[PDB]
Amino acid sequence: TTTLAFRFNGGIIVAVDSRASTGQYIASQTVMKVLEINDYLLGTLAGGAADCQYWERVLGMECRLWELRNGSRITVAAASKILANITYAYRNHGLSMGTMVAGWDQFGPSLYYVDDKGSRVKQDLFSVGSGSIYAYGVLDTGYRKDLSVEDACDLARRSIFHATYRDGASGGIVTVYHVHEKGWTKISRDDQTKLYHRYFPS
Amino acid sequence: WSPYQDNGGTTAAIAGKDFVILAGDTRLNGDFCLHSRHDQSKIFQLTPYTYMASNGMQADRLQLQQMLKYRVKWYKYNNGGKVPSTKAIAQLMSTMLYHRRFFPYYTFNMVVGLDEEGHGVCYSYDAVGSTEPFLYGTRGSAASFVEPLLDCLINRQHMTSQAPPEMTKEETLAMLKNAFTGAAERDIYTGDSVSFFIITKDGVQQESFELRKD
Amino acid sequence: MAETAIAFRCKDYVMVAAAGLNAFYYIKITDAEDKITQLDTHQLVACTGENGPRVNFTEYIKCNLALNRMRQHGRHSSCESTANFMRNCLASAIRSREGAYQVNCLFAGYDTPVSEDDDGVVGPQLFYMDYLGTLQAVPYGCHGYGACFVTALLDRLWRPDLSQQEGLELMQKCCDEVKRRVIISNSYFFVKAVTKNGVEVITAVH
Amino acid sequence: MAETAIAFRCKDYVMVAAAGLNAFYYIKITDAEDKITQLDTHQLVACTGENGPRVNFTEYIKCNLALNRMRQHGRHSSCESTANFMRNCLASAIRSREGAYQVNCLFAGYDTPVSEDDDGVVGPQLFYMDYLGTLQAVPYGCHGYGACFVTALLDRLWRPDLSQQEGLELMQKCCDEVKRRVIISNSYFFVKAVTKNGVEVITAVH
Amino acid sequence: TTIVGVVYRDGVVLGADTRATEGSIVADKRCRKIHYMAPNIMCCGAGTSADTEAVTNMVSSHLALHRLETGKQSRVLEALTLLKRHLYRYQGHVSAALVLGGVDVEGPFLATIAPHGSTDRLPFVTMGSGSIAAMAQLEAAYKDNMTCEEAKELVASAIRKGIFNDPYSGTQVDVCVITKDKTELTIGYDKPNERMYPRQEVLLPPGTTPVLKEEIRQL
Amino acid sequence: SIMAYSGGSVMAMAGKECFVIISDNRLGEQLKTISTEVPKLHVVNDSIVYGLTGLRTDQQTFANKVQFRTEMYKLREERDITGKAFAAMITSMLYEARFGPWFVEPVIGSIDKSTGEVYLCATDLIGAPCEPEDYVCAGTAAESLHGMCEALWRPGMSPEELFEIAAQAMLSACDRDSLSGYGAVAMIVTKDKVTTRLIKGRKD
Amino acid sequence: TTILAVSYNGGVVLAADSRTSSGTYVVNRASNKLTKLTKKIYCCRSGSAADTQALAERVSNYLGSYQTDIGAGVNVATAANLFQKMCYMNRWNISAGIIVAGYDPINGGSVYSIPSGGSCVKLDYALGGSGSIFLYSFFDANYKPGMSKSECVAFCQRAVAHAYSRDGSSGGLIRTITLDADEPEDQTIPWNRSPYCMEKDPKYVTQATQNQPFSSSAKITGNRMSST
Amino acid sequence: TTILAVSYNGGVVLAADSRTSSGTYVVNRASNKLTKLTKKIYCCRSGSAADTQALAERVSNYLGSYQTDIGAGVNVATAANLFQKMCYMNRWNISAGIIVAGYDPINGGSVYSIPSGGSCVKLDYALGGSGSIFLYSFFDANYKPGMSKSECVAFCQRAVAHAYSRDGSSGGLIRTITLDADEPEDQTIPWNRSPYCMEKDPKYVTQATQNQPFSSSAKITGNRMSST
Amino acid sequence: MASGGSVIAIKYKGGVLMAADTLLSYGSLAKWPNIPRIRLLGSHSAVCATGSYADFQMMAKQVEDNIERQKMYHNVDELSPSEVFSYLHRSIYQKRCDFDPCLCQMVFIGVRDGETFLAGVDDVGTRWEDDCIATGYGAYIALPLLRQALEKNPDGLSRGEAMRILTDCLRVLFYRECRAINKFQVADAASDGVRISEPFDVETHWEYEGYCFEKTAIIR
Ligand SMILES: O=C(NC1CC1)c1cccc(NC(=O)c2ccc(=O)n(Cc3ccccc3)n2)c1
C-alpha cells in the first residue's frame with residue numbers, strides 16, 4: 001500500500017495505489033483505498049483493509065448522525081478525533097490501520113493521520129504504507145504550497161507511481177483525489193504501468 | 001486441539017452482463033484423509049439472486065451460512081417481504097465477519113449475484129470482511145492457480161490481439177470447467193466434482209461436472 | 001526516549017523545552033510537534049511518548065482541570081494539586097485493564113496567590129513524573145535519550161538564581177548538547193517558560 | 001541502516017556518498033567517520049555497518065587488491081574483478097564458522113584501458129552488494145534507512161547523462177532528503193567521485 | 001506416495017503411484033518411483049525424494065561394483081544391509097523409506113527400510129503416505145502362493161487405494177515384477193485417471209505477446 | 001522465507017524439438033526492489049539453459065560453481081555437457097550440500113541436438129529432480145505458473161506457439177506475485193537456433 | 001513390545017510379542033524381536049527397532065569374530081558385557097531395552113537385563129518393553145522358579161499373552177526360543193491360539209451396563225440393544 | 001496409590017493402600033483413601049488428595065441432603081452420577097481417579113469407575129491409582145468372579161499387596177471395607193502382615209550376582225561378600 | 001481419557017450398519033473390553049464415537065434427553081434422524097465455540113420410513129453424509145475398502161455383502177490399529193428401527209509363511 005496526501009494552497013490532494021497483498025500473492029490489483037466518507041471528507045485505507053473499511057464506515061455514520069443531530073457538517077478535527085478515539089479505545093486489540101482524514105470544513109482544509117494506537121497527527125503532508133518510504137522521496141522534493149492543482153496532482157501521482165515501481169506491496173492503479181472548498185473530486189485513475197510509459201517514454 | 005481445520009477445496013465465480021456463474025468443488029477433506037467426495041456445503045443460496053460460497057473450515061461456513069440465512073429472514077420480515085439485494089447481503093456479510101474479528105470464522109467467502117441493473121457481481125472476502133466487487137473471483141486451495149488464468153483470459157492485459165466479444169454464459173462456463181479441470185490436476189486438495197450454479201434473472205441452473213478423483 | 005524534554009527552574013521562572021520530533025519507526029514525520037501542553041494559565045506539561053497516550057493523557061488532565069475550575073468559580077488549582085492529580089492518574093493506570101499511559105512528563109508551573117488569604121507557596125514549581133506515576137519535585141529534570149547528557153550539564157551549570165537571560169543561554173546549551181550527542185535528530189526544540197505573568201513561548205531558543 | 005550510503009553513476013563519473021555518523025546505541029560519537037574507502041586509484045567502496053566488520057572487510061579487500069597488483073607488476077584489476085572478489089568473500093563468509101560480514105557496500109569504480117591491448121569496458125561501474133554477497137550492477141543504489149527515500153528520488157531525477165555539476169546538485173538533494181526524513185541524524189555526508197582521473201573528494205556536498 | 005510390495009509364488013511384485021508433489025501441487029504427474037537397484041532387485045522409495053534418489057543410486061552403484069568383485073548376482077540382503085547401515089548412520093535425517101524387493105538364489109525377498117534404518121522383511125509391505133490405505137487392501141486380500149497375475153492385481157488394487165484416498169498419491173499405478181530370471185517393469189499397468197474434459201486450445205497466435213528486443217543466433 | 005527473499009521465477013516448457021525457458025527480471029530484498037534488469041538465465045551451451053531461483057547470493061555462488069564444473073568438464077572431456085549429465089551433475093552438487101543447502105532451485109532446459117529430444121528438469125534445493133515432459137518451474141510465482149502452464153500448455157507446440165504461451169504464463173503469474181516481475185526474458189531453443197527475447201511487463 | 005526371558009534348569013526361554021507400532025498404527029505385526037547373537041545366545045529387543053537392530057548386528061558381528069579368534073564357545077556374560085558397553089556408550093542417542101539370554105556350558109543358562117540406562121543386571125528372569133509393566137505382578141504372583149523347559153515355555157507364552165492383552169503397543173504372535181545344551185527350539189503362537197486374551201476370557205463377556213433404557217425405575221436391567 | 005473395588009454376590013469390597021507421596025517422600029503413610037459418601041456408599045480416591053477430598057466432601061454433602069429429602073436410601077448410581085458430574089465439570093483443574101462403590105437394595109452392590117476424563121463406567125471391578133497398572137494382569141489371570149465376601153476381601157488384599165510391592169507410590173497399610181446388606185466391615189492389614197511382599201517372596205531371596213570376585217575363570221560363583 | 005477407537009459404517013439397500021470394537025482404552029492401556037460403545041438414540045438412530053468417552057457420554061445423554069422430552073412433553077412425532085443429527089452437530093459446534101470441545105468424532109445412523117441416514121461429525125463441528133463413514137483409524141484403514149465396495153456395487157450393497165465388507169474391515173482394523181480388540185458390535189438400522197448385535201469376533205490369519213521365525217529374523 002502506498003497512500004499520500006498533502007495540503008497545498010489549492011486544497012488537499014490524496015493519492016493511492018490499488019494493490020492488496022496477502023504477503024507475496026496479490027489478492028487484488030483494484031482495491032479502492034480512498035474511502036469517501038461524507039462528501040467533504042475522505043479517508044485512506046492502509047493497514048488491515050477490514051479494519052479501515054469498517055471503522056471508516058463507522059466514522060461515516062458518526063459524521064452523518066452529527067449532521068442530522070446538529071444541522072451542520074462535522075469538522076475534520078472532530079471526525080479525525082472520533083476515529084482516533086476508537087483506535088485508542090482499541091489500542092490493545094491489534095487493529096492495523098493507518099489512515100488519513102482529509103477534508104475542508106469551515107476552517108479550511110485539514111489533514112490528519114490517525115493510526116491503530118489512537119495517534120492523531122495533523123501535518124501538511126503525509127504518506128502511509130509499505131511504499132511510503134519511497135513516495136516521500138519524490139514528494140518531499142517536489143512539494144511546495146504554491147503548486148497549482150495540476151502540479152499538485154502531478155506530484156501526487158508521480159510519488160505514488162515511484163512507490164509502486166519500487167515497492168513490492170504497492171501497485172496497480174494510481175488514483176488521485178482533490179479536496180477543495182466544494183467537496184472532493186476524483187481527479188484521475190491511471191494504471192501505474194501506463195504511467196511508467198508516460199513519465200519515461202524510451 | 002485447534003478449533004480450526006482447513007477442509008480445503010476451491011470456489012470460483014465469474015460475472016457476466018446478465019448472469020453470474022459460481023462454482024465450488026465438492027471434496028471435503030479431513031486430516032490426511034477425505035471425508036466426502038460429495039459435499040455441497042460450499043455454496044449456499046441466500047436469496048434467488050444471491051449465493052455465497054465459502055472455503056476454509058466446513059464447520060464455520062455452516063454456522064456462517066445459517067447466521068446469514070436468519071439475518072436475511074429478519075430482513076424480509078422487517079421490510080415487508082422484500083429480499084435484500086446482492087449488494088446489501090454483501091455489505092451484511094462484511095459486517096458479520098468483522099463482528100467476529102476477535103474469534104474469526106475461518107471462511108473465505110464470496111457473495112455473488114445480480115446487481116439492481118441485473119448485472120452479475122461477485123464480492124470476495126478475507127476472513128474479517130475486507131471485500132470488493134469484482135467481475136470474477138476464486139478462493140480456496142486452487143485459487144492461486146485459477147485466479148491468474150482468469151486474469152489472463154478475461155482481461156488479456158498482455159495480449160496485443162484485440163479483446164474478443166463479451167463472454168456469453170456458455171463460454172464462461174466452459175472457461176470455468178477448463179480451469180477447475182486444470183486445478184484438479186495440480187492441487188491435491190481439489191478434485192472429485194464441481195457444482196456450477198448459473199444465476200440469471202430467470203432462475204438458477206445447476207450443473208455437475210466431474211473432475212479427476214485422485 | 002527519541003524525543004527529549006528538559007526543564008529547569010530558577011527563582012522566577014521555570015523553563016521547559018521539548019523536541020519537536022515526531023517519528024514513525026525511522027521515518028521522521030516533522031520536527032515541529034509541540035509537545036509542551038499548557039494546562040492552565042500558569043501550568044504546562046512537557047510530555048513525551050507516543051501521540052496516542054500523550055494526547056489522551058494531556059487532554060484528560062486539561063479537561064479535568066478545566067472542569068474543576070468551573071465547579072470552583074474560576075479559581076486556579078495549585079501546581080502541587082495538579083501534579084498529584086496527574087500522578088494519581090498515571091499510577092491508577094498501571095494497575096488498570098488498559099495499562100500504563102506510556103508517557104513521561106515534566107510538569108512545571110508557577111504558583112501565584114489565588115486570593116488575599118492564600119498563605120501558600122509562591123513561585124516556580126517543577127515536577128518530574130514517569131509513566132508509572134513516580135512524582136518528584138526537582139530543580140531540573142529530563143526525559144529521553146538526551147536526558148542524561150543534559151542532566152549532567154545542568155548539574156554542572158545550573159544555579160538557583162539564573163536570570164531569565166542566563167536561562168535562555170543555559171537552555172540553548174542543553175538543546176545543543178542533545179543535538180550534538182543523540183543519534184536521533186532533535187533538530188528543533190520548543191521552549192516555553194512560566195513566570196508570574198503566565199506561559200511565554202520562547203522562540204530565541206530551539 | 002543508521003548510516004545511509006548512496007551512489008550513482010552517470011556517463012563520466014560515479015559519485016558516492018555516505019553518512020559520517022558513528023553511533024553507540026543512541027550516543028552519537030561523531031558525524032565524521034569517512035566510510036568511503038578507496039581501494040585503488042579508480043575504485044572505492046562505500047561500506048556501511050559496524051566498524052568491526054566494515055574495517056576488517058575493507059582492509060582485507062584493500063590488501064588483497066594490493067597484493068595482487070604487486071604479484072602482477074603494477075597492473076590495476078578491473079572493477080568487475082574487484083567486485084566479484086568482494087562478492088565471493090562476503091558470500092563465503094555467510095557459510096563460515098565466523099559468520100556473515102554484516103556490511104553493505106556500494107562498490108564504484110571507473111575502468112580505464114589497462115594497456116594498448118585492453119578491449120575491455122571503459123567507464124564508470126557501480127555495484128550494489130549486500131552482506132550476503134548479492135552483487136548487482138546498478139546505475140544507482142543505496143543502503144540504509146534513507147535508502148528508499150533516495151532510491152525513489154533517483155528514480156525520479158537521475159538521468160544517465162548528467163554533467164558532473166548536475167550530479168553534485170542531485171547528490172545534494174539526495175543527502176538533503178536523508179536529513180529531512182530519517183530520524184537518525186545523518187548530518188554530514190562524505191562524497192567522492194570516481195572519474196577517468198581517479199577518486200576526487202567532493203567537499204561542496206555534505 | 002504409496003509404494004507396495006508383495007511376495008508371490010515365483011517372485012516379488014512392487015508397485016507405486018506416480019504423483020510427485022511439491023508442497024500441495026503436483027510437479028510431475030508421472031514420475032518413476034520404482035528405482036533399479038540391481039538386475040534382480042528393485043527398490044521403491046518414499047519420503048524425501050532427494051534422499052531416496054541419492055541412497056538408491058549409491059547402493060545401486062556399490063552393488064554394481066561388488067558384482068564385478070564377486071562375479072555373482074547381488075543378494076537382496078546385501079542391498080538391504082547397505083541401505084540400513086547408511087540410513088542408520090544419518091539417524092533419520094536421510095528420510096528415505098524404501099521397499100526393496102528382489103529375487104536371489106535364496107528366493108524372493110521383500111523388505112522395508114525405514115528412514116532410521118530399521119528393516120522388516122515381510123511378505124507384503126507398504127510405505128508412503130498412502131501406506132495405510134494400501135496396507136488395508138493387502139491385509140484384506142493377500143494370500144500365500146499368489147500367481148503373478150493375482151499379485152499384480154492386488155498390488156495395483158492396493159496402490160489404487162492410495163491414489164484415491166491419499167492426496168499425496170496419485171495418477172497411475174506402476175508395477176515391477178521380479179522373477180529369478182528377469183525383471184519386468186510396467187509403467188501404467190493401471191491408468192484409472194484420464195482427464196474428463198478435453199483440453200481447450202486457447203489460441204495465442206504469434207506476435208500476441210509484446211516483445212521489446214530480440215536476439216537470434218544460428219548454430 | 002529465505003527462498004523468497006530475492007524474488008524471481010523461472011519456467012521452462014517443452015514443445016516439438018524446442019523449449020522455452022523464461023525468467024522474470026526482478027531482484028529484491030523482500031518488498032524492496034533493487035533492480036528490474038536481473039534475468040535469472042544462464043546459458044551452458046547451445047543446447048542447455050538453466051535458471052536459478054532462490055536466495056540471490058546463492059544463485060550467484062552456485063551458478064559460478066556450475067560454470068567451473070561445466071568449463072572443466074568441457075576441457076577434460078572435449079565435448080559439451082548434455083542436459084542429462086548437466087542435470088545429474090547439478091543434482092549431485094546440491095545434494096553434497098544436503099545438510100546445509102544452497103538456497104536455489106534450478107530449472108534446466110535442454111535439447112539433444114541430434115534427436116531433438118527435450119529434457120527439462122527442475123530440482124528442489126537439495127537436488128531432487130522433477131523430469132516432466134511438459135513444463136517445470138520455480139520461484140516465488142511457482143503456484144501461479146503451474147496454474148497457467150497446465151491451462152495453456154499442450155503437446156507438440158512449435159517454437160512460436162510455445163513462446164506465446166510461455167510468455168502469457170510467466171506474465172499472468174508474475175502479475176499475481178509481489179516478488180516477481182518487470183517483464184521477462186525468454187530463450188527459445190531449437191536444434192538450429194537460439195532466440196532470446198525481452199518481453200514487456202508491468203512495472204509493479 | 002513385550003519381551004521377557006526366564007531361566008530353567010539348564011537353559012533359558014525368551015519370548016516376545018510381534019508388534020512394531022508407529023504410535024497407534026501397527027507397521028509390523030510379525031516382527032521378530034528375538035535376535036540371534038550367536039548360536040545359543042539371543043537378545044530380545046525393545047525400543048527403537050532401528051537402534052536395537054543396529055546394536056544386535058554389531059554385537060553379533062563382534063561375537064562371531066571373537067568366537068573364531070578364541071576357537072571356543074562364547075559365554076553369555078561376554079555377550080551381555082558387550083551389549084552393555086554399547087548401550088552405555090550410546091545411552092543418550094538410543095532407546096533400547098535389551099535382554100541377553102542364552103546358554104553357555106560353563107554357566108548354564110543366563111539372563112541379563114540391559115535397560116535404557118545401560119545397567120546390566122544378571123537375573124533369573126527379565127522383562128522389558130512397554131508391556132512389561134503388566135507382568136511384574138504376574139510373575140510376583142504366578143511364577144515359581146525351577147520349572148521344566150516345557151512348563152517355562154508355556155508360562156512365558158502365558159505371560160506374553162497377558163501383557164499384550166493389555167498393552168496396546170504389544171500384540172500379534174508370540175515368539176519364543178529355548179536355549180540350552182540341545183538345539184534351539186523356536187516357536188510361534190499365532191494370536192488366534194493365544195493362551196490368553198480378554199476377548200475370550202469369560203469374565204469379560206458380559207457387557208458393562210452403560211446404555212440403560214429409559215425406565216420408570218432405578219433398577220438396572222441391561223443395555224438397550226434394540227429400538228423397539 | 002492403589003485403589004480397587006470388586007463386586008461379590010450382594011455387595012462390594014473396596015481396598016486401598018495407605019500411602020500419600022509428595023513424589024518420593026511419603027507424607028502420609030496411613031492415609032484413608034476409602035471415603036464414606038453415605039452409610040453404604042464409598043469412594044476410593046486417587047490423584048490429588050486435595051481435589052478428591054474436596055469432591056468427596058461435596059458429594060457426600062449433596063447425598064445426605066438428598067437422602068433426607070427423598071426420605072429413603074441412596075442408590076449407588078446416584079452417587080456415581082454426581083461424582084461423575086463434578087469430576088467432568090472440573091476435569092481440567094483436578095487430578096482425580098474415583099471409584100464409587102457400594103450397596104443399595106434395588107441394585108445390590110455396584111462399582112463405578114470414574115477416571116480422569118470424567119467417564120463413568122459401571123463394572124464388576126475397578127482399579128485405579130498409579131498402582132493399578134500392575135493389577136490388570138493380576139485380575140486377568142487370577143480373579144474369578146462369583147467369590148464370597150471373605151474370598152473377595154482376601155483377594156483384594158492380595159491384589160493391593162501385589163500392586164504396592166511394585167509401585168513406589170503405593171505402600172503402607174491395606175484398608176478395605178465391605179459394603180452389603182449388613183453393617184460395613186472395615187479392615188486394616190498392617191504392612192508387616194501383608195499377604196504379599198517381595199521382601200519375603202522366596203524367589204527374591206537369592207541376590208543377583210553383580211559383584212563377582214576377581215577370578216581366573218568365567219565360571220560365576222556368587223557375589224563377593226567379604227574382603228578376604 | 002478413556003477413549004474409543006474406530007467406528008465404521010456403511011449403507012446397504014434397506015439400512016445402515018455401524019460397527020465398533022467394544023473397547024475403551026486409556027492411552028495404550030486396554031482398560032475395558034466390554035463396553036457397549038454404540039448407543040441407540042430415540043427409536044430410529046444410533047450413534048458411536050471415537051475419542052473421549054466421557055465427552056461422548058455427556059453428549060449422548062444430552063441428545064437422548066432432548067429427544068425423549070421433546071416427544072413426551074409435546075404431542076409431536078419423534079425427531080427424525082437428520083433432525084437428531086442436526087441437533088448433535090449444532091451441540092458439538094457450540095462446544096467448540098466455547099473452547100469446551102466434545103473431543104470425539106462420531107458416526108450417526110438412523111432410519112425412518114426406509115429413508116436412511118448416515119453421517120459423521122467431528123470435534124470441531126465438521127459434518128458430512130456419505131454411503132460410508134468411519135472415524136479414528138477406520139477412516140484411514142477401512143474407508144478405502146468400504147469405498148471400494150460401493151464403487152463395485154453402485155446399485156447399493158445387500159445386507160450380506162455389506163456385512164461381509166464391514167467384517168473384512170474389522171479384521172483389518174484389528175490387525176493394524178494398535179488400540180483394538182477382536183470384539184465388535186454392529187448396529188443395524190432398518191425400517192423396524194435399530195438393533196445392536198451381540199459382541200462377535202472375526203477370524204484372523206497369522207500363519208503366512210513369511211511370518212515364520214526364520215524369515216523374520218534380523219540375523220542369520
Ligand atoms: O500499512 C501498514 N501496515 C501494513 C500491513 C499493511 C500500516 C499500518 C498502520 C500504520 C501505518 N503507518 C505508516 O506506514 C506510516 C508511514 C509513514 C508515515 O509518515 N506515516 C504517517 C504518520 C504520521 C505521524 C506519525 C506516524 C505516522 N504513517 C501503516
# chains A, B, ... in the order shown; residues from 1 in each chain; ligands from 1
>>> residues_around(residues="segment 40-57 of chain B", least_positions_apart="3", cutoff="9 Å", atoms="only C-alpha atoms", output="ChimeraX atom specification")
/B:4-13,22-28,60-62,65,68-69,72,83-86,89,105-115,139-141,195,197,199-201,203-204 /I:126
>>> residues_near_ligand(ligand="ligand 1", cutoff="7 Å", atoms="only C-alpha atoms and all ligand atoms", output="compact mmCIF listing (two decimals) with C-alpha atoms, in the first residue's frame")
# COMPACT_ATOMS: atom_id res chain seq x y z
CA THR A 1 0.00 0.00 0.00
CA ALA A 46 -3.72 1.46 4.90
CA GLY A 47 -3.09 -1.48 7.13
CA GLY A 48 -5.74 -4.11 7.72
CA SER A 96 -3.92 -2.38 11.87
CA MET A 97 -4.95 0.95 10.43
CA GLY A 98 -3.06 3.86 9.14
CA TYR A 113 -3.30 10.92 10.15
CA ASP A 115 -3.28 5.19 13.39
CA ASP A 116 -4.34 1.99 15.15
CA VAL A 121 -1.48 13.99 13.95
CA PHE A 126 1.87 12.51 4.80
CA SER A 127 2.48 9.25 3.19
CA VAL A 128 1.50 5.98 4.64
CA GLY A 129 2.10 2.33 3.86
CA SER A 130 4.83 -0.06 2.85
CA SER A 132 5.65 5.49 1.90
CA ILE A 133 9.42 5.33 2.31
CA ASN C 22 7.50 13.12 15.59
CA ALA C 23 8.65 9.79 14.19
CA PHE C 24 7.26 6.65 12.69
CA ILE C 27 10.74 7.97 9.24
CA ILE C 29 7.43 12.97 10.02
>>> closest_residue(among="B:99, B:76, B:37, B:156", to="chain F", atoms="only C-alpha atoms")
B:156
>>> select_by_dssp(residues="segment 15-197 of chain D", states="strand (DSSP E or B)", output="PyMOL selection string")
chain D and resi 15-19+21-24+27-31+36-40+43-49+103-111+123-129+135-137+140-143+182+184+189-195
>>> residues_around(residues="segment 178-189 of chain F", least_positions_apart="6", cutoff="6 Å", atoms="only C-alpha atoms", output="PyMOL selection string")
(chain A and resi 24+168) or (chain F and resi 7-8+18-26+36+195-203)
>>> interface_residues(of="chain B", to="chain F", cutoff="9 Å", atoms="only C-alpha atoms", output="VMD selection string")
chain B and resid 142 to 149 151 to 152 156 to 159 178 to 179 181 to 183 185 to 186
>>> residues_around(residues="segment 209-214 of chain G", least_positions_apart="5", cutoff="7 Å", atoms="only C-alpha atoms", output="PyMOL selection string")
(chain G and resi 222-224) or (chain H and resi 121-122) or (chain I and resi 36+39)
>>> closest_atom_pairs(of="chain H", to="chain G", cutoff="7 Å", atoms="only C-alpha atoms", output="tab-separated table")
residue	atom	partner	partner_atom	distance
H:106	CA	G:219	CA	5.8
H:107	CA	G:219	CA	5.9
H:121	CA	G:210	CA	6.7
H:122	CA	G:208	CA	5.9
H:123	CA	G:208	CA	5.8
H:133	CA	G:134	CA	6.5
H:134	CA	G:134	CA	5.4
H:135	CA	G:137	CA	6.7
H:136	CA	G:134	CA	6.8
H:137	CA	G:134	CA	5.8
H:138	CA	G:138	CA	5.6
H:145	CA	G:203	CA	6.9
H:162	CA	G:137	CA	5.9
H:163	CA	G:137	CA	6.9
H:203	CA	G:145	CA	6.9
H:208	CA	G:123	CA	5.8
H:209	CA	G:122	CA	6.1
H:210	CA	G:122	CA	6.7
H:219	CA	G:106	CA	5.8
H:220	CA	G:107	CA	6.6
>>> write_last_selection(atoms="N, CA, C and O atoms", output="JSON list (two decimals), in the first residue's frame")
[["chain", "number", "residue", "atom", "x", "y", "z"],
["H", 106, "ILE", "N", -31.85, -51.95, 45.73],
["H", 106, "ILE", "CA", -32.50, -52.12, 44.43],
["H", 106, "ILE", "C", -31.52, -52.84, 43.52],
["H", 106, "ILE", "O", -31.89, -53.82, 42.87],
["H", 107, "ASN", "N", -30.25, -52.39, 43.53],
["H", 107, "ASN", "CA", -29.30, -52.90, 42.57],
["H", 107, "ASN", "C", -28.21, -53.76, 43.18],
["H", 107, "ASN", "O", -27.30, -54.19, 42.47],
["H", 121, "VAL", "N", -18.12, -45.50, 34.34],
["H", 121, "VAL", "CA", -18.33, -46.79, 33.78],
["H", 121, "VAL", "C", -18.67, -47.78, 34.85],
["H", 121, "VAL", "O", -17.89, -47.96, 35.76],
["H", 122, "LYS", "N", -19.76, -48.50, 34.64],
["H", 122, "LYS", "CA", -20.18, -49.47, 35.61],
["H", 122, "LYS", "C", -19.56, -50.84, 35.37],
["H", 122, "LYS", "O", -19.91, -51.56, 34.45],
["H", 123, "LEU", "N", -18.87, -51.36, 36.36],
["H", 123, "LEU", "CA", -18.12, -52.55, 36.13],
["H", 123, "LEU", "C", -18.35, -53.55, 37.20],
["H", 123, "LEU", "O", -18.93, -53.24, 38.20],
["H", 133, "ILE", "N", -1.93, -50.18, 37.22],
["H", 133, "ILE", "CA", -1.31, -50.73, 36.04],
["H", 133, "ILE", "C", -0.71, -52.09, 36.34],
["H", 133, "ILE", "O", -0.66, -52.93, 35.46],
["H", 134, "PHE", "N", -0.32, -52.35, 37.58],
["H", 134, "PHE", "CA", 0.20, -53.64, 38.00],
["H", 134, "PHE", "C", -0.86, -54.69, 38.26],
["H", 134, "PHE", "O", -0.52, -55.83, 38.39],
["H", 135, "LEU", "N", -2.11, -54.36, 38.33],
["H", 135, "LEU", "CA", -3.09, -55.35, 38.71],
["H", 135, "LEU", "C", -3.90, -55.85, 37.54],
["H", 135, "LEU", "O", -4.63, -56.80, 37.64],
["H", 136, "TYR", "N", -3.88, -55.17, 36.43],
["H", 136, "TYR", "CA", -4.64, -55.62, 35.31],
["H", 136, "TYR", "C", -4.35, -57.06, 34.98],
["H", 136, "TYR", "O", -5.22, -57.88, 34.98],
["H", 137, "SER", "N", -3.12, -57.40, 34.74],
["H", 137, "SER", "CA", -2.78, -58.80, 34.53],
["H", 137, "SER", "C", -3.10, -59.66, 35.73],
["H", 137, "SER", "O", -3.51, -60.78, 35.56],
["H", 138, "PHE", "N", -2.93, -59.15, 36.92],
["H", 138, "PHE", "CA", -3.26, -59.96, 38.07],
["H", 138, "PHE", "C", -4.74, -60.36, 38.09],
["H", 138, "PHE", "O", -5.11, -61.47, 38.35],
["H", 145, "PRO", "N", -14.69, -64.09, 39.06],
["H", 145, "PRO", "CA", -15.87, -63.53, 39.70],
["H", 145, "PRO", "C", -16.77, -64.62, 40.31],
["H", 145, "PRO", "O", -16.58, -65.82, 40.07],
["H", 162, "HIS", "N", 0.21, -56.90, 45.98],
["H", 162, "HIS", "CA", 0.95, -57.04, 44.76],
["H", 162, "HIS", "C", 1.20, -55.71, 44.13],
["H", 162, "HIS", "O", 2.30, -55.38, 43.78],
["H", 163, "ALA", "N", 0.21, -54.89, 44.06],
["H", 163, "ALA", "CA", 0.42, -53.59, 43.47],
["H", 163, "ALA", "C", 1.41, -52.80, 44.28],
["H", 163, "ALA", "O", 2.32, -52.21, 43.76],
["H", 203, "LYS", "N", 11.37, -66.39, 46.01],
["H", 203, "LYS", "CA", 12.08, -66.28, 44.76],
["H", 203, "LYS", "C", 12.86, -64.99, 44.59],
["H", 203, "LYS", "O", 13.38, -64.77, 43.51],
["H", 208, "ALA", "N", 20.94, -61.22, 43.06],
["H", 208, "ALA", "CA", 21.57, -61.10, 41.77],
["H", 208, "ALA", "C", 23.08, -61.09, 41.90],
["H", 208, "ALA", "O", 23.63, -60.59, 42.86],
["H", 209, "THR", "N", 23.76, -61.69, 40.93],
["H", 209, "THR", "CA", 25.19, -61.89, 41.03],
["H", 209, "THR", "C", 25.91, -60.82, 40.21],
["H", 209, "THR", "O", 26.10, -60.98, 39.00],
["H", 210, "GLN", "N", 26.16, -59.69, 40.85],
["H", 210, "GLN", "CA", 26.62, -58.50, 40.17],
["H", 210, "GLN", "C", 28.03, -58.17, 40.56],
["H", 210, "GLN", "O", 28.64, -57.32, 39.95],
["H", 219, "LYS", "N", 33.54, -68.93, 35.18],
["H", 219, "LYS", "CA", 32.52, -69.55, 36.00],
["H", 219, "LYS", "C", 32.12, -68.57, 37.09],
["H", 219, "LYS", "O", 32.95, -68.11, 37.87],
["H", 220, "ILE", "N", 30.84, -68.24, 37.09],
["H", 220, "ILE", "CA", 30.19, -67.37, 38.04],
["H", 220, "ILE", "C", 29.83, -68.14, 39.31],
["H", 220, "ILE", "O", 29.24, -69.21, 39.28]]
